[PDB]
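See below for the structure under consideration.
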Amino acid sequence: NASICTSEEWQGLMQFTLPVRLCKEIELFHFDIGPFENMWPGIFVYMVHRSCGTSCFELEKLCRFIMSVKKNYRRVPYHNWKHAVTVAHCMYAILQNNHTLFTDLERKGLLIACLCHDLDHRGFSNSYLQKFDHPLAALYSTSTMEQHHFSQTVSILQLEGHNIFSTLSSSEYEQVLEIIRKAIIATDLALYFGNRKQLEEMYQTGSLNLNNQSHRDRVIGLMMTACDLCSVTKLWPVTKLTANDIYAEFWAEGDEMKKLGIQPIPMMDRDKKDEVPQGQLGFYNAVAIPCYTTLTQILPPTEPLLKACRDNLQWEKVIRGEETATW
Amino acid sequence: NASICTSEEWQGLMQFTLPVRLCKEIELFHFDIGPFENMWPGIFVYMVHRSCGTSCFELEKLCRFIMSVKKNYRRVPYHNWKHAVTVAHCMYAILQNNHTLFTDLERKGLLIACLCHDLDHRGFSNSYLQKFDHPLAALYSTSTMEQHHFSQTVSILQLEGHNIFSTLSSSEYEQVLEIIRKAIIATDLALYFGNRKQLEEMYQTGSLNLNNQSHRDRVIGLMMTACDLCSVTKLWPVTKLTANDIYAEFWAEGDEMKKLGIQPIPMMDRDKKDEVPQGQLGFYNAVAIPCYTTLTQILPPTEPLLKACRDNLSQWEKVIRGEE
Ligand SMILES: CC(=O)Nc1nc2ccccc2c(=O)[nH]1
Ligand SMILES: [Mg+2]
Ligand SMILES: [Mg+2]
Ligand SMILES: [Zn+2]
Ligand SMILES: [Zn+2]
Numbered sequence: 447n448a449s450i451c452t453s454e455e456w457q458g459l460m461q462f463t464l465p466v467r468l469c470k471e472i473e474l475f476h477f478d479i480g481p482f483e484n485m486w487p488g489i490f491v492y493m494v495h496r497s498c499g500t501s502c503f504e505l506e507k508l509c510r511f512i513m514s515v516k517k518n519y520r521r522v523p524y525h526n527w528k529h530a531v532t533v534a535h536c537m538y539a540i541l542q543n544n545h546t547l548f549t550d551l552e553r554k555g556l557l558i559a560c561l562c563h564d565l566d567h568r569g570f571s572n573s574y575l576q577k578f579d580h581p582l583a584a585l586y587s588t589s590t591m592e593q594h595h596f597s598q599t600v601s602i603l604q605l606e607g608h609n610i611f612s613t614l615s616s617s618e619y620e621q622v623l624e625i626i627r628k629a630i631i632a633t634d635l636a637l638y639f640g641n642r643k644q645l646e647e648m649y650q651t652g653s654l655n656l657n658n659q660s661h662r663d664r665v666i667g668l669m670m671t672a673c674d675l676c677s678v679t680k681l682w683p684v685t686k687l688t689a690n691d692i693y694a695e696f697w698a699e700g701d702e703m704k705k706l707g708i709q710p711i712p713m714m715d716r717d718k719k720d721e722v723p724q725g726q727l728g729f730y731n732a733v734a735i736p737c738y739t740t741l742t743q744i745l746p747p748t749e750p751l752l753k754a755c756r757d758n759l761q762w763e764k765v766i767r768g769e770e771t772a773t774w
Numbered sequence: 447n448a449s450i451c452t453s454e455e456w457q458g459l460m461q462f463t464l465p466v467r468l469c470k471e472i473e474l475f476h477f478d479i480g481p482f483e484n485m486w487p488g489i490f491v492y493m494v495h496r497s498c499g500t501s502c503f504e505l506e507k508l509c510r511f512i513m514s515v516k517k518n519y520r521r522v523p524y525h526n527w528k529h530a531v532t533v534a535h536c537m538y539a540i541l542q543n544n545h546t547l548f549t550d551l552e553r554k555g556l557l558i559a560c561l562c563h564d565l566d567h568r569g570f571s572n573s574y575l576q577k578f579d580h581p582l583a584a585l586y587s588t589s590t591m592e593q594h595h596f597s598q599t600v601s602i603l604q605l606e607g608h609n610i611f612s613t614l615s616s617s618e619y620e621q622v623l624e625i626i627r628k629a630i631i632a633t634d635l636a637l638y639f640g641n642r643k644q645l646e647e648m649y650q651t652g653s654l655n656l657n658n659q660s661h662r663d664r665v666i667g668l669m670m671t672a673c674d675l676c677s678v679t680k681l682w683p684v685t686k687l688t689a690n691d692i693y694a695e696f697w698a699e700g701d702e703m704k705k706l707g708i709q710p711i712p713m714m715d716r717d718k719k720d721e722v723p724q725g726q727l728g729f730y731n732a733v734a735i736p737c738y739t740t741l742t743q744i745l746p747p748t749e750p751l752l753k754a755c756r757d758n759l760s761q762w763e764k765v766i767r768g769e770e
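So the sequence lines, in the order shown, correspond to chains A and D. When you line the first sequence up against the entry's author numbering, it's residues 447 to 759, 761 to 774, in that order. Sequential numbering from 447 applies to the second sequence in the entry's author numbering.
See the structure below:
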């Protein structure tokens, strides 16, 4: 059920070398992958090697893994290959800034979970699948797509010469598959609200303890949300262009809903585009700002994500009619 | 309504020789014509001679054509004669680095099309013309300015001692005028998006075939867009002074709203320049980077344009973040 890369695809990736000027750039939270498309698989290799080491994974198996993950992402406006690399780069920057708080297993596990977190996404939300009683909704009653993304990751790992974790002990393998399962499942935003409220309580009451596994799982969960939403932490024109992609995907689902005799929520209605700036203000106040605020409290070196998010919350200027030119 | 040039103008250009110091510099994609105002028509003659040969056009007719083309460029802030020569130099560098891919008819057609691409521009976008109901919109319905620029080119070619293509066979003249029309039309940015999307698909699926005329036409169109936007491919001190160019059409319209006693919305207002570096970042990511990426895929020797565009994108980021 998992697509497989060609020998030409993985062989080419093995040869790739990151340009010198990008090495400085890639370490920054605000780094936008957008203008380096041909370099995306190559950028992931580089992040895995700098964070985990060159001998952490067998080069051929990792290059086959990367290229098959690329092939298993669909041609959808937002939950695509670019989004996967974007989310992985944000994880990398959080990891580099908080390196010793995480074990080698968690680091390789989280970078792999970020690259695969939306594998085989169809441009449809859990709301859609659960309403239109799709087989995925019967198979996965809760966090529908997120369980499907995790299943897809396992399926790519099970391909010939794709098991990048083969060199781990049967215990460590089971440990990494669990790190990945919980991290992919934590990308379901329905789970974020409860997770964030719990972390805020643990942090404020001073009970938060990074050596307590249940606490680590929550902090990892918030890191997954933070990386998944990282378009809101880029420079404004980058943020705005990605918001057009997100809405292009939401509106195509609203279109599919109409044909099926059900009217969509305003956010998924292409005839309600005027409601977008207020909806973004609502999303930033209810989700993005609280996420990065709690994450900065737990991991202070992540402070730039919060600053960049407050800067984009630009949406206020848009609502007041002071926006700039589009191309 | 086409304008001719004086005897003194075309004659002075015939005497022109490019200074040696510029012979290798001009071959570079990032070459800036900026400091050489007096040499602009001469630089174009030099480029035609090097690309098409000295026997391509009768010197006198060519020099007459060029001086009339210059005449026919209004004193607008962006879509002026400087722009025309900048665009033509970028076509020269693309053509020279892909020396075996283009026919003699395509090379002469494209350099002339680039020099003539923005003929008699008034500083307004096609959006404004069919909004404020300008007379040009009544003349030309779609790709309003581009249809006008080609009308203006045919208008100049039909003037006495200006048909630089009179030395061609019945079919060859029809072939060249078609290349030019298609090339000037392709400069309508509104057409670029769909063209580039189609080319991406073709290249990726392996269906791109340069033996196929409609495929050549599409590739030529993307080259016209690449040349049209080339200020983004210059060195930083040259590009940093080019920030207001992409805003020229928004501000032209705002100026017209200001003439109706209407303070326009900030994006159309020239006194609101604080968003200019952010507008550059947005234009590079949405327009220029994809253009140069697709162009480099089809024509690998064009890679320096993509590199220089990426370099300036990084400089604009630094400006926004307040690091330079
Ligand atoms: C209204 C709303 O939910 N907007 C929205 N905006 C987003 C912007 C960036 C990344 C993710 C999102 C997202 O999930 N939702
Ligand atoms: Mg997801
Ligand atoms: Mg034009
Ligand atoms: Zn995601
Ligand atoms: Zn132009």
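Don't be surprised by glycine CBs; every beta carbon is placed ideally from N, CA and C.
Give me the residue from the options with the minimum Cα distance to residue i.
i: residue 560 of chain D; options: D:679, D:749, D:573, D:494; result: D:494
i: residue 478 of chain A; options: A:736, A:697, A:684; result: A:684
i: residue 537 of chain D; options: D:488, D:707, D:472, D:501; result: D:472
i: residue 496 of chain D; options: D:769, D:646, D:550, D:747; result: D:550
i: residue 451 of chain D; options: D:492, D:519, D:503; result: D:519
i: residue 627 of chain A; options: A:595, A:448, A:580, A:680; result: A:595
i: residue 735 of chain A; options: A:701, A:492, A:600, A:679; result: A:679
i: residue 637 of chain A; options: A:541, A:616, A:670; result: A:670
i: residue 597 of chain A; options: A:764, A:768, A:750, A:447; result: A:447
i: residue 515 of chain A; options: A:483, A:546, A:603, A:468; result: A:603
By DSSP, does residue i sit in helix, in strand, or in coil?
i: residue 548 of chain A; result: coil
i: residue 479 of chain D; result: coil
i: residue 640 of chain D; result: helix
i: residue 650 of chain A; result: helix
i: residue 566 of chain A; result: coil
i: residue 471 of chain D; result: helix
i: residue 602 of chain A; result: helix
i: residue 718 of chain A; result: helix
i: residue 728 of chain D; result: helix
i: residue 708 of chain A; result: coil
i: residue 500 of chain D; result: coil
i: residue 774 of chain A; result: coil
i: residue 465 of chain A; result: coil
If the cut is a Cβ gap below 9 Å, which residues of chain D does residue i touch?
i: residue 748 of chain A; result: Neighbours of residue 748 of chain A on chain D: none; closest Cβ ~18 Å, over 9 Å.
i: residue 751 of chain A; result: Residues of chain D passing the Cβ test: none, with the nearest at roughly 15 Å.
Whose C-beta lies closer than 6 Å to the C-beta of residue i among residues of the same chain, with five residues either side of it excluded?
i: residue 634 of chain A; result: 589, 592
i: residue 667 of chain A; result: 632, 641
i: residue 485 of chain A; result: none
i: residue 622 of chain D; result: 551, 555, 611
i: residue 492 of chain A; result: 464
i: residue 762 of chain D; result: 723, 726, 727
i: residue 517 of chain A; result: 449, 451
i: residue 773 of chain A; result: none
i: residue 503 of chain A; result: 610
Whose Cβ in chain D lies nearer than 7 Å to the Cβ of residue i?
i: residue 683 of chain A; result: 724, 727, 728, 731
Give me the chain A residues within the contact set of residue i, using Cβ-Cβ distance strictly less than 8 Å, ordered along the chain.
i: residue 713 of chain D; result: 770, 771, 772
i: residue 759 of chain D; result: 481
i: residue 740 of chain D; result: Near residue 740 of chain D there are no residues of chain A at all, since even the closest Cβ is about 10 Å away, more than 8 Å.
Using 8 Å for Cβ pairs, my map puts residue i next to residue j. What's the rounded Cβ distance?
i: residue 674 of chain A; j: residue 522 of chain A; result: That pair is no contact at about 15 Å.
i: residue 475 of chain A; j: residue 530 of chain A; result: That pair is no contact at about 18 Å.
i: residue 564 of chain A; j: residue 525 of chain A; result: 5 Å
i: residue 703 of chain A; j: residue 710 of chain A; result: 5 Å
i: residue 759 of chain D; j: residue 748 of chain D; result: That belief does not hold up - the Cβ atoms of residue 759 of chain D and residue 748 of chain D are roughly 17 Å apart, past 8 Å.
i: residue 689 of chain A; j: residue 738 of chain A; result: No, residue 689 of chain A and residue 738 of chain A are not in contact; Cβ-Cβ is about 17 Å, not under 8 Å.
i: residue 766 of chain D; j: residue 681 of chain A; result: 6 Å
i: residue 541 of chain D; j: residue 548 of chain D; result: 6 Å
Which residues in the same chain have their Cβ closer than 8 Å to the Cβ of residue i, if we skip the five residues on either side of it in sequence?
i: residue 506 of chain D; result: 456, 460, 607
i: residue 716 of chain A; result: 697, 700, 701
What does residue i touch in chain A if you count any residue whose Cβ is under 7 Å from its own?
i: residue 647 of chain D; result: Result: empty, since nearest Cβ-Cβ is about 11 Å, beyond 7 Å.
i: residue 763 of chain D; result: 681
Quick one: list the residues of chain A neighbouring residue i, beta-carbon separation under 9 Å, in chain order.
i: residue 693 of chain D; result: 772
i: residue 766 of chain D; result: 681, 682, 683
Run down chain D in chain order and give the residues with a C-beta less than 8 Å from the C-beta of residue i.
i: residue 687 of chain A; result: 728, 731, 732
For residue i, which residues in the same chain have their Cβ closer than 7 Å to its Cβ, ignoring the five residues on either side in sequence?
i: residue 462 of chain D; result: 488, 491
i: residue 718 of chain D; result: 712
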